[PDB]
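Colleague: Protein chains in written order, with UniProt numbering: chain P, 2 to 303; chain E, 2 to 282; chain L, 11 to 250.
Shown below is the structure under consideration.
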Amino acid sequence: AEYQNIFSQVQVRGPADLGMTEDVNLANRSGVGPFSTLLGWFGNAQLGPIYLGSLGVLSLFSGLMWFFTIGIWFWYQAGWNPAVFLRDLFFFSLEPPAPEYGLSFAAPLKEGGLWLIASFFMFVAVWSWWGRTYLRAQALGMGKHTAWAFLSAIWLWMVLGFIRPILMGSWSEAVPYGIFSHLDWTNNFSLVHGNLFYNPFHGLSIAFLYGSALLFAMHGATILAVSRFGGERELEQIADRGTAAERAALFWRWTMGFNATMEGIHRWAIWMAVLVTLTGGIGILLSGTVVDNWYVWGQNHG
Amino acid sequence: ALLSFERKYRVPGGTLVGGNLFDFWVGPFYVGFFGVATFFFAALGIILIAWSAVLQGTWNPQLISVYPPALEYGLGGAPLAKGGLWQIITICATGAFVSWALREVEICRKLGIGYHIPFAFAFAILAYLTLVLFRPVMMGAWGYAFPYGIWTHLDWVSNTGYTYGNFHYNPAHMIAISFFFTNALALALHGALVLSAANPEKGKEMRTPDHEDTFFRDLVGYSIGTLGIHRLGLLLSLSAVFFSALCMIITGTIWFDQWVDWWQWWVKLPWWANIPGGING
Amino acid sequence: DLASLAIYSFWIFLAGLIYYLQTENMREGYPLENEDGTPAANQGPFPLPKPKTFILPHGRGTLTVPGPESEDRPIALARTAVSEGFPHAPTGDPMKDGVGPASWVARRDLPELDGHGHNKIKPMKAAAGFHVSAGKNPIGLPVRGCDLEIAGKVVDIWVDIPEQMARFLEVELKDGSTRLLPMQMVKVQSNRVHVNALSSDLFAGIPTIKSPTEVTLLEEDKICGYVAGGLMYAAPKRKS
Ligand code: BCL
Ligand code: BCL
Ligand code: BCL
Ligand code: BCL
Ligand SMILES: CC[C@H]1c2cc3[nH]c4c(c3C)C(=O)[C@H](C(=O)OC)c4c3nc(cc4[nH]c(cc(n2)[C@@H]1C)c(C(C)=O)c4C)[C@@H](C)[C@@H]3CCC(=O)OC/C=C(\C)CCC[C@H](C)CCC[C@H](C)CCCC(C)C
Ligand SMILES: CC[C@H]1c2cc3[nH]c4c(c3C)C(=O)[C@H](C(=O)OC)c4c3nc(cc4[nH]c(cc(n2)[C@@H]1C)c(C(C)=O)c4C)[C@@H](C)[C@@H]3CCC(=O)OC/C=C(\C)CCC[C@H](C)CCC[C@H](C)CCCC(C)C
Ligand SMILES: COC(C)(C)C/C=C/C(C)=C/C=C/C(C)=C/C=C/C(C)=C/C=C\C=C(C)\C=C\C=C(/C)CC/C=C(\C)CCC=C(C)C
Ligand SMILES: COC1=C(OC)C(=O)C(C/C=C(\C)CCC=C(C)C)=C(C)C1=O
Ligand SMILES: CCCCCCCCCCCC[N+](C)(C)[O-]
Ligand SMILES: CCCCCCCCCCCC[N+](C)(C)[O-]
Ligand SMILES: CCCCCCCCCCCC[N+](C)(C)[O-]
Ligand SMILES: CCCCCCCCCCCC[N+](C)(C)[O-]
Ligand SMILES: CCCCCCCCCCCC[N+](C)(C)[O-]
Ligand SMILES: CCCCCCCCCCCC[N+](C)(C)[O-]
Ligand SMILES: [Fe+3]
Numbered sequence: 002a003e004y005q006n007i008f009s010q011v012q013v014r015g016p017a018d019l020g021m022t023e024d025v026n027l028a029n030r031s032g033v034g035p036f037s038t039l040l041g042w043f044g045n046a047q048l049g050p051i052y053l054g055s056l057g058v059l060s061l062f063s064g065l066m067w068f069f070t071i072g073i074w075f076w077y078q079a080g081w082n083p084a085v086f087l088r089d090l091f092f093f094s095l096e097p098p099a100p101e102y103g104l105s106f107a108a109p110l111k112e113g114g115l116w117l118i119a120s121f122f123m124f125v126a127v128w129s130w131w132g133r134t135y136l137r138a139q140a141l142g143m144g145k146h147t148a149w150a151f152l153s154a155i156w157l158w159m160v161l162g163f164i165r166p167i168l169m170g171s172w173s174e175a176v177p178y179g180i181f182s183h184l185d186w187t188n189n190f191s192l193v194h195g196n197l198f199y200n201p202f203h204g205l206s207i208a209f210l211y212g213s214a215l216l217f218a219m220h221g222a223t224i225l226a227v228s229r230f231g232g233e234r235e236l237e238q239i240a241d242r243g244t245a246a247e248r249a250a251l252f253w254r255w256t257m258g259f260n261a262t263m264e265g266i267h268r269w270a271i272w273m274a275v276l277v278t279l280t281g282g283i284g285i286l287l288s289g290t291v292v293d294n295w296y297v298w299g300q301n302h303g
Numbered sequence: 002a003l004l005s006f007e008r009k010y011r012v013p014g015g016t017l018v019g020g021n022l023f024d025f026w027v028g029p030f031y032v033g034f035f036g037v038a039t040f041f042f043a044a045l046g047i048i049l050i051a052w053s054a055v056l057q058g059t060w061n062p063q064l065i066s067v068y069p070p071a072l073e074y075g076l077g078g079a080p081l082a083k084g085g086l087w088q089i090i091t092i093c094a095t096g097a098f099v100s101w102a103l104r105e106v107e108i109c110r111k112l113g114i115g116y117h118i119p120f121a122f123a124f125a126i127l128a129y130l131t132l133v134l135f136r137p138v139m140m141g142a143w144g145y146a147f148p149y150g151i152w153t154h155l156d157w158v159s160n161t162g163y164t165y166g167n168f169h170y171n172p173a174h175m176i177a178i179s180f181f182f183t184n185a186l187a188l189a190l191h192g193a194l195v196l197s198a199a200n201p202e203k204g205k206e207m208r209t210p211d212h213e214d215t216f217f218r219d220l221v222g223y224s225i226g227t228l229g230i231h232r233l234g235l236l237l238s239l240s241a242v243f244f245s246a247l248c249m250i251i252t253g254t255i256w257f258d259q260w261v262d263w264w265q266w267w268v269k270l271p272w273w274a275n276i277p278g279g280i281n282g
Numbered sequence: 011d012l013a014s015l016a017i018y019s020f021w022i023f024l025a026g027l028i029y030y031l032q033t034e035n036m037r038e039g040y041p042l043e044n045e046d047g048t049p050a051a052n053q054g055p056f057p058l059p060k061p062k063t064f065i066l067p068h069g070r071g072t073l074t075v076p077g078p079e080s081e082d083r084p085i086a087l088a089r090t091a092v093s094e095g096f097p098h099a100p101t102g103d104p105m106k107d108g109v110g111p112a113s114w115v116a117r118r119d120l121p122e123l124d125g126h127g128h129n130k131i132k133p134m135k136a137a138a139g140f141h142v143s144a145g146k147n148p149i150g151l152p153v154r155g156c157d158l159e160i161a162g163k164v165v166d167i168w169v170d171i172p173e174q175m176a177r178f179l180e181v182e183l184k185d186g187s188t189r190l191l192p193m194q195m196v197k198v199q200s201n202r203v204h205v206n207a208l209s210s211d212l213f214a215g216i217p218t219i220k221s222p223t224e225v226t227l228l229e230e231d232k233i234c235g236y237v238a239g240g241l242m243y244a245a246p247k248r249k250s
């Protein structure tokens with residue numbers, strides 16, 4: 002047995018690492034969390050610090066409110082009975098207003114009002130969390146790639162819960178909050194739109210989702226295969242190509258006849274991933290607004 | 002024909018079969034015994050597909066489809082025009098995939114790198130094999146395998162899924178999907194993180210891995226680190242495929258009813274089965 | 011219709027994206043060369059992108075890519091055939107010459123630096139206050155090669171300060187000098203460290219470092235290249 006670098010053989014620790022300062026407001030950083038030897042077999046042992054700040058508090062409070070608004074409704078559906086709450090956990094569902102209320106905020110609490118309140122809290126939680134991915138990169142002088150990528154996930158989310166419902170003319174089109182109910186919603190959305198398999202944007206989205214697993218399997222495996230030459234030090238291999246980066250490239254050139262660079266693989270990566278939700282959100286946004294039935298549309302090739 | 006740094010690595014050695022017989026390249030492509038095997042298996046397979054197209058009577062890539070033997074054939078041979086071509090194309094495909102992996106191993110040995118890549122690829126081959134070989138055999142017929150056609154393979158996914166109701170309820174499928182989604186999330190984040198460090202704000206110096214750890218700790222209170230993230234993406238994506246093969250190998254064999262009903266075991270637990278209220282009483 | 015327009019637009023966007031991505035991935039190693047080092051006639055259908063410049067921290071300069079490519083070192087190999095596409099045989103000892111799986115790149119002969127400007131990699135003894143935190147401690151263990159002979163003993167671990175991980179084992183040889191062995195190329199066991207890549211007689215030949223408490227990018231490449239190279243070139247003396 003050769004050692005494969007999936008798990009570390011020896012962990013080492015030194016003073017808690019408090020991180021780079023740059024332009025970060027240091028008053029807003031926690032202290033370090035505990036150290037997890039368990040985590041440390043696979044990644045870093047250190048927990049924290051984390052950055053708080055006002056936006057952070059807002060986003061966290063708001064996200065909790067979303068979670069608790071759904072949970073209170075669940076307890077209510079359970080008739081306050083702990084045992085029924087656990088028994089039926091995956092079956093509960095906070096549902097959006099009925100079609101008859103359109104886009105208005107006039108539905109009663111028990112029939113959509115609560116869904117809107119949960120949704121409101123989710124909206125501010127996600128957007129202020131997006132603000133945070135931008136601002137944490139900014140304070141460190143880093144590029145904005147994370148916020149740009151998050152925006153692509155946010156796009157599908159916004160389409161499903163907000164943009165598409167507004168374009169369709171009612172909140173009843175949005176997704177319910179519930180484990181099983183969200184899956185039923187998903188199945189039903191496809192059935193009602195003549196089978197998503199005929200939506201070319203759904204197919205593209207799959208190509209990318211599979212493509213992400215292909216790519217991360219390739220990349221992850223490559224870096225590990227060249228970790229015996231310092232491969233995972235990607236930033237310094239970018240600045241000063243080593244034999245790691247060359248053996249990596251050549252593996253692929255010899256196998257399939259082209260290859261990446263140490264920087265460029267990460268560009269293939271970011272785009273393979275964000276295109277899942279970019280094509281995805283388009284496919285959904287067009288569904289029912291422009292195209293009622295993908296099978297039908299496909300028969301006219303468009 | 003060579004990358005600027007390439008010549009020093011093109012030495013003899015590393016082959017698994019044939020000594021120096023096939024130890025050479027064609028343009029950028031390494032050959033080896035398994036390069037020859039891949040070409041042979043792939044070439045045959047493609048020729049048989051084109052033959053299958055002629056017997057189906059079309060050349061449209063959106064229409065060409067090669068269907069497995071119908072269920073009545075069980076696990077035996079079929080006339081070529083009625084499933085036999087599928088059977089042979091499948092042997093060809095398997096030979097090509099395995100050959101491709103073994104050729105990857107040869108490249109690894111020449112380059113003095115770890116075998117992680119062909120190892121990961123073997124998971125994909127194992128998923129393919131689950132659908133065309135293992136599942137059909139356990140279920141007693143080739144006909145349960147998917148057909149080779151762009152749109153017809155999708156018909157198969159749909160019909161196979163709806164056979165069990167909403168396939169969403171397969172719990173192994175749920176784990177699989179989670180790994181897929183988590184993998185794409187991690188890929189977006191790895192790519193963005195490295196790029197944000199290598200391409201900082203205008204006029205600033207390249208950030209370091211320290212900044213990468215710092216960014217993630219600031220953001221969520223943890224950073225897995227640069228070795229960790231490549232371990233992670235490898236784990237997430239291989240686990241997705243592992244659970245994918247799991248979720249199908251158990252469908253039509255150990256479980257074959259509507260997957261939604263599987264979940265009743267939890268609801269019917271004695272301590273709470275009969276308490277009224279909620280959704281299920 | 012609007013969906014038709016969107017899908018057609020998307021394919022055009024995606025063609026442009028692949029174009030962008032492929033050319034971004036040609037910032038190193040291009041233009042292509044013949045086996046003798048001269049520009050190949052066929053460069054393919056993608057042209058080199060406009061150069062970009064990375065500003066390196068700590069006054070280390072910049073990197074501009076694409077730029078003039080050269081190996082900056084002698085390559086002890088020779089053709090084995092009269093046409094393109096065949097292997098190139100080592101002219102000497104491939105381990106000592108640093109070719110094939112023993113290759114190294116002419117990286118900067120300076121240490122990698124952390125975000126503070128300190129040496130990224132330090133022997134643990136000089137790293138305050140780093141210690142083994144889990145797993146078997148290799149320090150003190152005899153070191154065995156693929157010939158099943160003892161080649162020396164572990165006298166320290168070289169650790170990555172900012173990332174808190176083990177990077178090399180420092181191994182002392184019969185003559186009292188040390189060598190670095192990459193962490194990924196050793197097997198820590200209860201009574202030994204085992205090194206499959208190298209027979210015991212090849213340890214003396216590991217590239218030495220010039221300062222005993224730091225290691226340069228160039229030195230790392232030569233050490234890692236040399237140890238990996240043993241998989242192929244120590245094969246006659248192995249044995250497991
Ligand atoms: C994409 C098309 C459909 C849909 C189709 C599917 C399908 C199909 C599946 C899921 C599954 C998941 N979906 Mg969904 N999903 C959609 C919308 C989303 C949205 C959203 C838009 O905000 C959310 C929060 C969820 C989240 C959920 C998770 C419960 C689950 C795992 C996701 C994951 O690995 O993420 C990435 C991983 C993370 C690091 C973060 C996620 C962590 C989870 C646990 C948090 C989600 C909500 C949370 C409150 C659940 C708490 C559980 C109990 C109440 C204690 N879905 C849309 C509407 N989803 C899978 C499942 O197992 O369902 C049961 C599954 O098979
Ligand atoms: C994996 C689970 C299901 C299934 C689920 C679905 C679903 C659902 C969808 C697809 C779709 C795809 N599937 Mg399928 N698919 C199956 C397994 C297969 C197998 C196989 C095991 O050999 C293959 C080759 C394909 C390939 C195809 C592509 C035509 C299409 C894009 C996939 C992709 O980008 O992947 C990611 C990998 C890459 C990005 C690498 C690129 C390689 C691709 C482009 C290979 C194309 C080869 C194809 C034309 C076969 C011809 C081979 C020649 C004869 C040599 N599927 C099984 C039965 N597949 C999507 C589609 O739009 O179909 C119309 C889609 O919505
Ligand atoms: C029976 C079901 C239908 C079907 C109906 C649907 C529907 C409906 C949809 C998809 C969608 C998709 N389907 Mg489909 N799907 C089917 C068949 C399949 C098959 C297959 C048969 O093998 C596959 C592989 C897929 C593949 C997929 C994905 C490519 C795609 C969603 C990607 C994604 O990452 O979303 C997951 C990511 C998100 C949901 C975005 C997350 C957003 C962020 C902001 C959420 C954060 C929330 C946070 C507050 C929660 C915090 C909790 C934590 C604990 C912290 N489908 C069949 C035909 N499919 C989606 C799509 O885009 O379609 C075009 C979609 O809406
Ligand atoms: C209506 C249909 C049902 C459905 C029915 C099924 C069925 C049926 C199946 C899945 C399976 C999948 N489903 Mg489902 N499922 C649906 C809803 C979804 C949704 C969703 C958001 O609603 C999602 C995300 C998913 C996602 C999942 C994945 C876990 C899994 C597919 C990936 C895979 O197996 O890869 C594994 C990878 C491969 C098989 C590819 C291997 C390719 C390699 C070896 C060779 C190819 C190379 C060559 C041909 C290329 C040519 C060379 C050129 C030069 C390129 N399903 C709905 C409810 N689902 C499938 C599965 O798990 O299979 C194991 C499956 O069979
Ligand atoms: C490009 C496509 C993929 C993608 C990318 C993506 N997602 C993103 C981003 C990116 C680039 C991140 O920047 C952002 C992130 O910060 O990641 C770490 C994120 C993110 N995607 C997330 C989840 C997610 N992404 C999804 C997937 C995808 N995202 C696609 C596959 C999905 C799926 C597949 O359904 C999920 C569920 C989050 C981890 C994060 C967004 C975080 C967020 O918006 O937070 C708002 C809400 C809160 C702040 C708290 C919510 C409430 C919780 C339910 C409470 C439970 C825990 C609590 C925090 C404990 C606190 C205790 C206290 C009392 C002390
Ligand atoms: C296991 C995690 C993920 C993964 C990993 C993975 N895939 C891999 C590898 C790895 C690490 C590579 O090393 C290898 C590669 O070289 O990548 C470029 C590869 C690879 N994965 C590929 C495709 C692929 N992988 C897939 C998925 C996955 N691969 C998982 C998501 C998918 C999906 C999701 O559908 C596809 C389509 C290729 C790009 C490549 C393998 C190339 C190869 O084996 O070539 C040899 C044979 C040929 C050139 C073609 C032979 C043709 C046949 C004889 C006839 C065709 C028959 C076929 C069955 C018909 C199908 C028709 C369809 C309409 C269904
Ligand atoms: C133990 O008990 C307690 C109470 C302590 C805790 C228990 C809590 C529990 C059990 C919570 C369970 C949560 C669950 C199951 C949630 C699952 C939700 C899922 C699966 C979500 C999936 C889809 C979500 C989408 C797509 C929603 C998107 C929302 C938007 C895009 C927001 C749109 C904004 C609207 C409609 C408001 C408009 C207002 C203005 C003016 C901006
Ligand atoms: C080279 O950089 C890489 C790391 O090393 C510094 C990481 O740390 C991470 C961050 C990964 C973590 C910890 C995700 C866990 C959090 C959630 C909510 C899923 C990424 C993306 C990365 O690219
Ligand atoms: C997605 C990963 C989330 C991990 C969250 C870990 C939180 C660690 C925060 C450290 C704060 C600990 N404490 C109490 C010392 O401040
Ligand atoms: C995804 C992070 C969770 C990591 C937990 C996994 C722990 C595996 C421990 C590996 C065993 C180490 N050992 C004994 C071989 O040295
Ligand atoms: C980052 C770029 C990688 C390119 C991926 C190529 C995807 C081709 C798959 C075709 C999808 C078919 N269709 C009809 C649904 O559009
Ligand atoms: C979507 C798959 C399309 C097949 C083409 C894949 C790209 C392979 C690289 C072409 C190699 C040409 N080369 C380098 C020999 O000149
Ligand atoms: C969406 C991921 C959110 C991760 C947030 C983790 C919460 C940890 C909060 C730590 C509390 C800080 N403090 C100073 C009170 O100790
Ligand atoms: C979906 C990804 C498509 C992959 C094909 C992109 C490039 C293929 C071959 C690139 C050319 C290599 N070359 C000639 C520049 O050396
Ligand atoms: Fe990487």
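Think of the CB as a built atom: it goes at the ideal place given N, C-alpha and C, for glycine as much as any other residue.
Could you tell me the boundaries of the alpha helix (DSSP H) in which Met139 (chain E) lies?
Modeller: One-based indexing of the second sequence puts residue 139 (chain E) at position 138. Unbroken alpha helix (DSSP H) run through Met139 (chain E): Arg136 to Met139.
Colleague: Quick one: complete alpha helix (DSSP H) runs, 4+ long, within the segment 157-238 of chain P?
Modeller: 165-169, 180-193 and 201-226
Colleague: Would you kindly report the start and end of the unbroken alpha helix (DSSP H) that includes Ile160 (chain L)?
Modeller: Locating residue 160 (chain L) in the third sequence gives position 150, counting from the first residue. Counting along the chain, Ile160 (chain L) falls outside any alpha helix (DSSP H), though it belongs to the beta strand (DSSP E) covering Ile160 to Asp170.
Colleague: Taking 7 Å as the threshold (beta carbon to beta carbon), is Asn188 (chain P) in contact with chain E?
Modeller: Locating residue 188 (chain P) in the first sequence gives position 187, counting from the first residue. Output row for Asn188 (chain P): interface = yes.
Colleague: Secondary structure at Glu264 (chain P), three-state DSSP: helix, strand or coil?
Modeller: As a position in the first sequence, residue 264 (chain P) is number 263, starting the count at 1. Reduced to three states, the DSSP call for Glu264 (chain P) is coil.
Colleague: Going along chain L, which residues have a C-beta under 8 Å from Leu3 (chain E)?
Modeller: Stepping through the second sequence from its first residue, residue 3 (chain E) is reached at position 2. The contacting residues are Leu42, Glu43, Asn44, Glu45 and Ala50.
Colleague: What does a CB cutoff of less than 7 Å around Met249 (chain E) pick up in its chain, not counting 5 residues either side in sequence?
Modeller: Against the second sequence, residue 249 (chain E) aligns to sequence position 248. Within the same chain, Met249 (chain E) has close Cβ partners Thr131, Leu132 and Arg136.
Colleague: Taking 6 Å as the cut-off, is the C-beta of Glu173 (chain L) nearer than that to any heavy atom in ligand 15?
Modeller: On the third sequence, position 163 is the one that residue 173 (chain L) refers to. False, no ligand heavy atom lies under 6 Å from that Cβ.
Colleague: Got a sec, what are the start and stop residues for the beta strand (DSSP E) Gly71 (chain L) sits in?
Modeller: Sequence index remark: in the third sequence, residue 71 (chain L) carries index 61 (1-based). From DSSP, the beta strand (DSSP E) with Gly71 (chain L) extends over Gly71 to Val75.
Colleague: Counting only beta-carbon atoms, is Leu287 (chain P) nearer than 7 Å to chain L?
Modeller: Counted from its first residue, the first sequence places residue 287 (chain P) at position 286. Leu287 (chain P) counts as touching chain L.
Colleague: Using a Cβ-based criterion (distance less than 6 Å to any ligand heavy atom), does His169 (chain E) qualify as near ligand 4?
Modeller: Sequence index remark: in the second sequence, residue 169 (chain E) carries index 168 (1-based). Answer for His169 (chain E): yes, Cβ within range of ligand 4.
Colleague: Indicate whether the contact test is met: 3 or more Cβ pairs, each with one atom in the segment 215-224 of chain E and one in the segment 191-198 of chain P, closer than 8 Å.
Modeller: no
Colleague: Can you find the residues in the same chain that come closer than 8 Å, C-beta to C-beta, to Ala185 (chain E), ignoring five residues on each side of it along the sequence?
Modeller: Along the second sequence, read from residue 1 onward, the residue named residue 185 (chain E) stands at position 184. Around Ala185 (chain E): no qualifying Cβ.
Colleague: Listing by chain order, which chain A residues have their CB less than 7 Å from the CB of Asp293 (chain P)?
Modeller: No chain A is present in this structure, whose protein chains are P, E and L.
Colleague: Taking only beta carbons into account, state which residues of the segment 11-27 of chain P come closer than 8 Å to chain L, listed in chain order.
Modeller: Those residues of the segment 11-27 of chain P that come within reach of chain L (Cβ to Cβ, closer than 8 Å) are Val11, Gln12, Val13, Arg14, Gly15, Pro16, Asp18 and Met21.
Colleague: Based on DSSP bridge pairs, tell me the residues matched to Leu48 (chain P).
Modeller: Taking the first residue of the first sequence as 1, we reach residue 48 (chain P) at position 47. Looking at the DSSP assignment, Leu48 (chain P) forms a beta bridge with E:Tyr223.
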